[PDB]
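Here the structure comes first, spelled out in structure tokens, and everything after it is commentary.
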Amino acid sequence: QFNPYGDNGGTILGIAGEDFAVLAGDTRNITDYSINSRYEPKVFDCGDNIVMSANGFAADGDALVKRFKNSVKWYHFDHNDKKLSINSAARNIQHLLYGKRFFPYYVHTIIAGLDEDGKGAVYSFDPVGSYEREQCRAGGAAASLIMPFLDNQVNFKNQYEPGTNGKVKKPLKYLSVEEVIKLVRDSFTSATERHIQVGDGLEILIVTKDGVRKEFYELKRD
Amino acid sequence: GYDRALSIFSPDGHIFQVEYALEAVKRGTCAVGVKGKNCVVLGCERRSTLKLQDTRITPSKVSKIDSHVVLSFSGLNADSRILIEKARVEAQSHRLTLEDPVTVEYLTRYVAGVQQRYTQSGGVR
Amino acid sequence: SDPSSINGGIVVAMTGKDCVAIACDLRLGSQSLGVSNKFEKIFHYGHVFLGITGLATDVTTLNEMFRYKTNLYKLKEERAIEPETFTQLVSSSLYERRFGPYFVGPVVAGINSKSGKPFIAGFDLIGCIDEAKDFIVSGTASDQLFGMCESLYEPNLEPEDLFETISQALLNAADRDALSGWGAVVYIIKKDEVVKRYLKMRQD
Amino acid sequence: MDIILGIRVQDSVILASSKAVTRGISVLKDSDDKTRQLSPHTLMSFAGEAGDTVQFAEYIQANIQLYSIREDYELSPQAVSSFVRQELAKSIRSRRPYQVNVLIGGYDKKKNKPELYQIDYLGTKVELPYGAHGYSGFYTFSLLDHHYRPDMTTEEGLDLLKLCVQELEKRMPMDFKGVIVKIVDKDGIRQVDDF
Amino acid sequence: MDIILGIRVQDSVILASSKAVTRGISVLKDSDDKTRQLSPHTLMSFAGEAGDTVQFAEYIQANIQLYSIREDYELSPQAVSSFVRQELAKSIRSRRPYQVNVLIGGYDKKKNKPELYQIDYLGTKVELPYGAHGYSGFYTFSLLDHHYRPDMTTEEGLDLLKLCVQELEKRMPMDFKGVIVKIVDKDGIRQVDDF
Amino acid sequence: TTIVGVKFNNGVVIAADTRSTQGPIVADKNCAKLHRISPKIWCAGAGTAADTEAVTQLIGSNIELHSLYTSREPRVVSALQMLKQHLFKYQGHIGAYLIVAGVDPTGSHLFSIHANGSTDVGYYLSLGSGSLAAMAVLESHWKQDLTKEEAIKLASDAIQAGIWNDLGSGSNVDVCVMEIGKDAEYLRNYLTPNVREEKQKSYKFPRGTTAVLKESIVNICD
Amino acid sequence: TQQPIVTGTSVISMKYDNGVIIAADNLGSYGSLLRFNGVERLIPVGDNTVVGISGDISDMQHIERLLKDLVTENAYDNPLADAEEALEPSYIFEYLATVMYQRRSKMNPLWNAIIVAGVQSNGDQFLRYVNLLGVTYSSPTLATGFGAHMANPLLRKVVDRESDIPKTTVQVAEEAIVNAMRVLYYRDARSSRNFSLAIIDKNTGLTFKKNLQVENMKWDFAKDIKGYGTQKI
Amino acid sequence: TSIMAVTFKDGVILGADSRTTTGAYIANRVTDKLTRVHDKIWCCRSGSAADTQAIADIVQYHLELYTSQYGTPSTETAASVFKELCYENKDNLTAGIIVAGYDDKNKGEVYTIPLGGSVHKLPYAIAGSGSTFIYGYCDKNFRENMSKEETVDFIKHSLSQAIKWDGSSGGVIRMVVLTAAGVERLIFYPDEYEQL
Amino acid sequence: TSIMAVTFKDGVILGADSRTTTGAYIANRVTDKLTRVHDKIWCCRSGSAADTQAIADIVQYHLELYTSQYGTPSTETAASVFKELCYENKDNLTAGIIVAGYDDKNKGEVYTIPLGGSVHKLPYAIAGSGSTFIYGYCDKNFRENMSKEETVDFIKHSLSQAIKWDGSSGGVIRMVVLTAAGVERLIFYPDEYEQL
Amino acid sequence: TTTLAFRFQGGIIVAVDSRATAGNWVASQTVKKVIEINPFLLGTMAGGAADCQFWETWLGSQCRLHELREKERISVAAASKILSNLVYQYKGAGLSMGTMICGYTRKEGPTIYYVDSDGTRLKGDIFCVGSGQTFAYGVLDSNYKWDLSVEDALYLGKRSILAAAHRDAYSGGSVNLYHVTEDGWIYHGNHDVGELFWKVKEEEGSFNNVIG
Ligand SMILES: [Mg+2]
Ligand SMILES: [Mg+2]
Ligand SMILES: [Mg+2]
Ligand SMILES: [Mg+2]
């Protein structure tokens with residue numbers, strides 16, 4: 001029987017600062033035990049200061065990103081070049097996904113940018129459109145390796161104030177872009193060590209009120 | 001299907017077919033409604049050029065739409081049957097979906113909407 | 001109907017400077033229903049520590065079996081079994097049930113009493129020995145533990161530091177797993193003292 | 001759903017319907033009325049697939065209420081039961097059939113006779129002195145075969161019903177949380193409040 | 001089978017076990033005692049696959065009674081529970097396993113402490129302040145998590161049990177026909193006759 | 001796994017990668033896939049890790065007893081025969097795929113064994129998930145009349161093809177050289193081309209971060 | 001839902017400094033039967049693109065018709081059809097990729113793996129892959145089927161990353177490809193000896209070589225191989 | 001596999017391709033499918049490599065023991081030992097074997113043992129997946145009492161065709177000649193046989 | 001089925017056996033599998049009898065209509081109409097068809113259309129279950145530009161062998177000759193072809 | 001999930017956990033399972049996250065359209081029936097929803113409707129929904145009285161979710177509380193089980209099964 005889905009591996013990661021947000025993902029693309037490409041980017045600038053990644057089955061991911069990019073274009077045409085806010089983008093993507101509820105896009109989706117007060121924002125979606133705003137989210141093959149690390153190092157979960165008798169929590173606070181990138185780089189190298197589908201290269205898109213910047217780092221190629 | 005725009009504007013801004021519909025109403029037997037402090041009464045003329053009428057069975061002029069709302073009319077009797085049936089169907093559908101019978105205003109607004117629709121749909125008068 | 005994830009639970013071991021640490025959660029459930037918050041997964045035979053995740057009946061059975069075998073070992077050999085040797089015994093015993101295995105992910109931790117070396121090892125259900133310098137993980141939250149350990153870990157941690165690292169690896173892995181948590185226990189193990197600490201963690 | 005019973009006596013039809021609504025291992029409700037008044041002298045009880053039951057019952061009710069308003073006349077129980085049967089008989093060959101079984105209890109004002117109809121989801125209609133749907137029948141039909149007489153009073157029918165419910169409470173594996181009992185006679189429909 | 005519960009209080013273990021035996025759509029019995037006295041201060045309740053339950057219970061009982069006669073000594077609850085666990089742990093890899101879950105309530109005369117053990121058919125043993133097998137746990141564990149204190153009297157434990165049974169009678173889909181309750185303390189085993 | 005074997009002038013060389021997997025997860029980054037059967041007969045193994053280890057040890061044990069009994073250095077064809085007949089008896093259920101090589105009084109030998117019990121003879125062989133990447137290299141660069149230094153290079157190149165291109169293989173290259181008239185040399189971690197880069201940050205926690213409920217000293221003594 | 005009947009095996013390809021090479025054998029298999037031996041699976045589109053196709057041949061012939069019809073349609077009312085408005089490799093690819101994904105979404109795929117190789121009007125090398133699932137990806141080397149398992153590792157020793165492309169000449173690249181085709185003939189049981197190779201260079205344009213053969217094969221060592229273990233003669 | 005054995009004037013010749021396959025991957029392109037079970041009793045192997053090796057090893061052992069006790073076994077005897085193994089274990093074996101040997105009384109003999117473990121004595125035999133494609137060719141071109149050179153040509157041309165059409169078959173063509181003179185191994189490479 | 005079509009000096013010849021089978025029962029031992037879709041464009045049918053008849057009837061209809069509007073269709077055109085039907089309905093058809101015709105420009109042409117509905121222009125073509133057994137024979141014996149008599153012999157010998165080994169094939173050997181001279185039907189009975 | 005809603009003397013309590021799972025993977029601990037449809041209407045979510053989320057915000061749109069067309073806030077009965085009639089259309093297609101429509105209107109008083117994906121619609125005083133529903137019921141039923149003070153009511157709802165968060169592996173994260181009165185709904189905060197469990201254990205002396 002024809003199976004209309006496949007699995008292209010990779011893993012992605014979004015983090016939100018006070019006045020920035022990063023969306024990262026590895027550049028390896030796989031099927032089964034073969035490497036298709038060591039550099040196939042899956043994190044895209046969609047305009048209006050929104051970056052997006054749809055990870056899992058790449059055909060579905062590309063189709064979604066294409067449709068959303070197109071949705072931005074028409075939003076301008078129909079609403080007098082109004083800037084599409086990240087919250088509005090998120091809701092639009094829900095309808096894109098849920099519209100194929102009974103033949104889903106096999107992707108975990110993450111978008112990042114700034115909310116309307118200029119604060120860093122990350123939204124993540126399940127394959128059929130359930131979405132949630134978060135400070136922190138990993139998606140894809142190594143989500144399960146990276147996510148609890150982020151709970152610990154980004155939201156300081158399970159960390160208490162020394163000498164307080166486990167009574168006072170380590171206090172929540174925003175991270176600098178420099179710290180956030182260290183956590184991303186360490187997240188992906190750790191994931192690369194222990195997950196066969198993760199490797200080759202790491203491409204990060206950083207988003208501030210000044211636009212979208214990129215950074216790229218090599219990963220282990222085995 | 002038959003498509004012709006029968007209800008159209010004339011140069012003076014009148015829709016003649018709608019206005020001629022009013023003429024058919026004006027020829028119709030008289031109907032009156034008066035509302036009291038605590039009741040509403042609907043009265044209706046029946047033209048008296050008809051004896052040998054069987055009044056047991058001849059369609060009465062005040063129709064129940066639901067158990068709490070009535071409708072009477074003046075104009076073409078055959079046309080009125082179409083509106084009454086539609087109204088009755090909507091009344092049951094409203095009870096089914098909203099779990100409440102129609103307000104008089106709602107039922108009125110529905111019947112009005114049906115009437116209006118027939119003034120800008122092709123193929124109908 | 002996947003025996004290794006009916007009961008839930010996790011075990012992690014870690015080497016530091018002249019010490020090892022081994023830790024586990026306390027949950028025993030029947031799928032969604034948590035049943036006991038007192039189900040420890042770490043046992044010791046002399047100075048050799050064994051943690052076992054997986055199907056709880058097999059966990060109990062293997063503990064009872066390895067107590068049995070290490071007791072006879074001691075009586076005949078007139079000395080306590082060492083970690084390197086116990087590891088081999090664990091492997092032999094699991095592979096002996098090659099076509100009807102115990103559904104477990106055992107982990108061995110200890111310090112060789114002659115050489116003073118810290119030693120850890122893990123096994124698949126069928127006896128394969130996975131030896132490591134750094135850390136071993138096991139259980140329903142093994143992916144999470146792998147991710148925690150691979151980033152948190154650094155070599156040559158001092159006992160009190162290693163405690164923080166291994167505890168934070170376990171706690172955050174457990175909280176991303178439905179079937180693990182409900183309490184934790186951490187063993188810090190040096191040449192000749194062993195400290196056992198019960199961690200405070202979220203109880204959902 | 002599960003338990004719905006009906007007994008036709010001298011001058012009335014009595015319908016008894018279990019109050020429990022059960023999903024999984026939880027009794028979500030213990031006061032569910034598994035019935036719809038179709039007309040002032042016609043009552044329909046129902047049981048079957050969740051959702052389908054009420055959707056069907058209410059759809060029938062809407063149709064019968066529509067008929068009443070249009071003709072300013074109450075359809076006879078026999079006429080209603082035939083309408084209902086045909087709806088189910090259509091349904092059984094649809095894409096997704098209504099999995100609902102019904103009892104229809106009515107008082108025919110023209111005949112001055114009570115009438116009980118048992119119809120299953122396939123559209124199998126039958127008029128009966130007493131009826132049941134589901135596993136209830138396996139206990140009550142034999143009990144009623146014994147204790148039932150055609151000329152019983154409404155009071156005697158209720159006691160006969162008490163016998164049936166007591167037997168079901170003894171031997172049925174599931175707690176159905178008692179029954180709501182309703183009487184259809186010349187004066188319409190009323191609910192017995194303490195059963 | 002279905003409902004078996006156990007609570008360990010200050011100076012006793014209390015076991016409550018449903019009385020219904022159900023096959024198909026018939027409650028065949030409403031007074032079934034789902035328990036065996038293993039020794040004068042050890043009681044085992046059981047639930048699971050028909051036939052297997054009693055066969056297992058009685059086999060364990062025979063073994064423990066044999067041990068008592070041989071050594072003229074009563075095995076401790078912990079010792080009995082381990083024997084039982086091992087028997088089930090063997091059984092799970094047999095040609096046809098015993099599909100029986102048990103609670104073992106005993107008073108250890110050497111420790112002067114009551115002890116409750118919960119063992120499932122796989123041979124999964126656990127000591128508990130309170131335990132249940134089957135769907136009962138899904139209601140009672142949370143209820144007991146709230147209302148249970150470690151120093152309760154035998155009287156307080158019974159009231160706590162009354163709470164559990166009332167909840168099960170409200171939300172359980174099946175009629176289990178009440179429970180037989182038994183107390184294991186320093187003076188042995190006795191049955192509470194009106195519950 | 002990737003494993004290989006290559007004959008040369010005066011002996012035979014085998015090599016292997018060092019990755020062990022449980023699905024997509026890397027369980028062991030530096031596991032030893034070269035197994036000693038006797039001092040001068042070594043086995044490279046792919047398949048079920050426990051099975052390759054167990055079957056290699058059992059036959060290795062029986063070979064030692066045989067060698068003692070016969071007062072002779074053991075031969076490769078004996079290890080080959082014992083391994084094949086064992087694997088065949090188990091009808092494939094022992095998932096051991098082996099490249100058996102060594103030197104003995106007869107000469108130098110190179111064979112492979114499939115889990116079902118069939119055996120090969122050749123001058124160059126490769127097995128495991130990465131065997132096609134390896135065999136591509138061997139088919140490109142192998143020639144008749146290799147020096148020891150050429151065969152080592154060819155073997156480790158073949159393993160590298162697997163490390164880089166097969167997701168089932170990675171980490172390091174182990175080699176073992178069996179030359180006539182000399183001791184076998186086991187070159188554990190002959191190549192280490194996948195050393196983890198420095199982490200960006202140290203995650204050593206402030207002491208007292210972890211909330212504790214109880215402590216107790218554990219008695220390990222008598 | 002489908003099952004491929006007459007199939008073509010690997011299509012292999014790589015970028016070099018001035019262009020791209022692509023190759024594919026001339027076999028149409030029918031299960032294990034090597035049924036047809038003059039099958040061309042590299043289909044040139046214009047003089048700047050070659051589309052190499054593996055998988056079901058009946059679906060490949062369909063795609064031939066689509067591409068040949070595409071050229072026609074582009075010429076319509078287009079005075080710059082053989083200049084600025086000529087079909088690019090990127091246009092041809094996106095078209096096929098759109099079709100492949102639509103067909104998989106309608107649960108009726110074109111049972112193929114495709115590599116579009118060519119040079120864009122600005123001189124840039126184009127090399128991208130699409131298959132029956134509509135999955136796409138780009139890499140300095142690309143191959144289908146066995147080629148992915150056996151050719152890619154060999155071609156990647158020549159071009160392992162982007163920076164290697166300017167350093168790779170057409171002679172070196174063609175050698176690697178021709179070598180890869182020999183390996184596949186050794187090891188793939190559904191390959192043939194005869195193949196076609198095409199080069200698309202930004203200066204010399206499109207060279208299309210037909211009726212190539214695998215040569216310089218090593219077989220002599222076979223005579224030394226006796227038995228399967230212990231047999232001597 | 002493509003395999004065959006042909007009786008001729010002076011004895012018998014066994015022929016085979018050299019391809020071992022797992023699916024479409026060629027695990028071995030230089031396999032030896034012509035196996036010695038006795039000095040001048042050999043067999044051609046097709047089917048499961050593991051099965052046919054295990055069978056040949058057992059048969060070799062049986063005939064070695066036979067020899068020690070009763071002298072040189074007949075080719076018929078060798079074929080019977082194969083049959084016994086193949087017939088009695090038919091449920092667990094995938095083995096199509098051709099047995100071929102040279103007596104001095106009986107000269108060249110060929111026995112084929114298909115899947116069910118039946119035995120068939122023939123002037124020549126073809127088997128393996130590749131054989132289907134040359135039933136036509138072989139039936140038309142085989143003659144009785146050919147010379148050694150004619151027989152070598154018959155096998156070379158036949159297997160060349162089997163290899164041409166069967167993707168499962170390929171590599172070198174190996175042959176083994178069995179006469180009073182002794183035992184001769186022949187090999188023919190692709191560049192020779194492909195363009196016949 | 002065993003069927004084939006062969007181009008030669010003066011045109012093309014189509015050949016076929018005459019066996020229609022339901023399992024092992026021969027429903028028809030005198031079938032005609034050589035079917036006219038136009039004066040000098042015929043086809044050989046193999047696979048489902050119902051499918052290939054329904055296809056040929058449709059093609060004949062299409063070419064009759066083609067002729068009325070645009071004159072004599074080319075053999076390539078006829079093969080395309082077959083392909084279109086076979087390709088677009090691949091999920092519901094079991095049809096292996098060989099198309100063969102004679103133009104005056106193009107002389108003899110042969111197109112084969114296997115299961116998937118691909119098209120392959122060849123000097124000659126063989127198909128049907130029986131064809132497997134003569135790939136070897138036909139590849140070795142076919143030459144280009146044979147005479148009519150040589151071609152008739154090539155087909156007679158080839159199908160004789162296909163029929164010999166394929167139980168599904170049998171009966172008479174029917175042939176249809178397609179030249180500038182016209183259309184000639186040949187038949188050859190068992191007693192002639194069996195002992196070739 | 002665990003969610004509950006109950007009626008009492010002082011209106012309606014609504015409490016929900018905040019965990020979302022993909023099998024045994026804990027996907028999120030911070031999921032909003034109550035949707036505020038209007039100042040007098042709440043909806044709870046359990047089952048498929050997307051299904052509930054999508055169709056309950058869709059429900060909000062339909063309720064808004066009702067008050068534009070009818071110049072009157074929609075009844076709880078009518079709002080719940082829009083959703084139940086919607087999911088009934090999709091019956092068999094695989095929607096997974098267990099929901100509760102909770103609200104006050106003048107004509108109805110405080111009202112709770114249970115609506116699920118197989119088309120069941122029930123008016124009632126008490127419901128718990130989700131994989132932890134049984135655990136919630138056990139606590140809720142045994143302590144429920146119609147007379148509870150707003151304060152006791154709020155705590156019982158909070159305590160009932162906590163109980164399910166503890167025992168049910170697939171419930172947890174935090175508790176979200178709501179009180180619905182004649183004046184509309186009032187939020188009563190997010191309560192992390194991380195701290196709520198230990199605080200309740202200490203102050204109440206319950207959860208003795210747990211190593212303190
Ligand atoms: Mg690798
Ligand atoms: Mg058909
Ligand atoms: Mg025949
Ligand atoms: Mg929980």
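Here the protein sequences line up with chains L, C, W, J, X, V, M, b, N and K, keeping their order.
Under PDB author numbering, the residue at position 66 of the first sequence is numbered 66, and the numbers go up by one with no gaps.
Under PDB author numbering, the residue at position 116 of the second sequence is numbered 116, and the numbers go up by one with no gaps.
Under PDB author numbering, the residue at position 1 of the third sequence is numbered 1, and the numbers go up by one with no gaps.
Under PDB author numbering, the residue at position 195 of the fourth sequence is numbered 195, and the numbers go up by one with no gaps.
Under PDB author numbering, the residue at position 119 of the fifth sequence is numbered 119, and the numbers go up by one with no gaps.
Under PDB author numbering, the residue at position 88 of the sixth sequence is numbered 88, and the numbers go up by one with no gaps.
Under PDB author numbering, the residue at position 2 of the seventh sequence is numbered 2, and the numbers go up by one with no gaps.
Under PDB author numbering, the residue at position 162 of the eighth sequence is numbered 162, and the numbers go up by one with no gaps.
Under PDB author numbering, the residue at position 131 of the ninth sequence is numbered 131, and the numbers go up by one with no gaps.
Under PDB author numbering, the residue at position 139 of the tenth sequence is numbered 139, and the numbers go up by one with no gaps.
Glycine included, every Cβ here is placed at the ideal spot set by N, Cα and C.
Bridge partner(s) assigned by DSSP for residue i
i	result
residue 23 of chain X	X:26
residue 88 of chain L	BP columns for residue 88 of chain L are empty, so no partner.
residue 89 of chain M	None; residue 89 of chain M has no bridge partner.
Integer-rounded CB distance, given that residue j should sit under 8 Å from residue i
i	j	result
residue 114 of chain M	residue 130 of chain M	5 Å
residue 84 of chain X	residue 48 of chain X	Not really, about 14 Å apart at Cβ, beyond 8 Å.
Amino acids of chain L, ordered along the chain, whose beta-carbon sits closer than 8 Å to that of residue i
i	result
residue 54 of chain M	Within chain L, no residue comes near residue 54 of chain M; the closest Cβ sits about 15 Å away, beyond 8 Å.
Same chain, Cβ closer than 7 Å to residue i, five either side skipped, listed in chain order
i	result
residue 154 of chain K	13, 177, 179, 188
Contacting residues, own chain, Cβ-Cβ under 6 Å from residue i (five flanking each side not counted)
i	result
residue 128 of chain K	4, 136, 137
Contact list for residue i against chain b, beta-carbon separation under 9 Å
i	result
residue 93 of chain V	Those within 9 Å of residue 93 of chain V in chain b number zero; the least Cβ separation is about 13 Å.
For the segment 19-26 of chain b against the segment 211-229 of chain M, are there 3 or more C-beta pairs whose distance is under 8 Å? No: the two stretches stay apart, fewer than three of their Cβ pairs being nearer than 8 Å.
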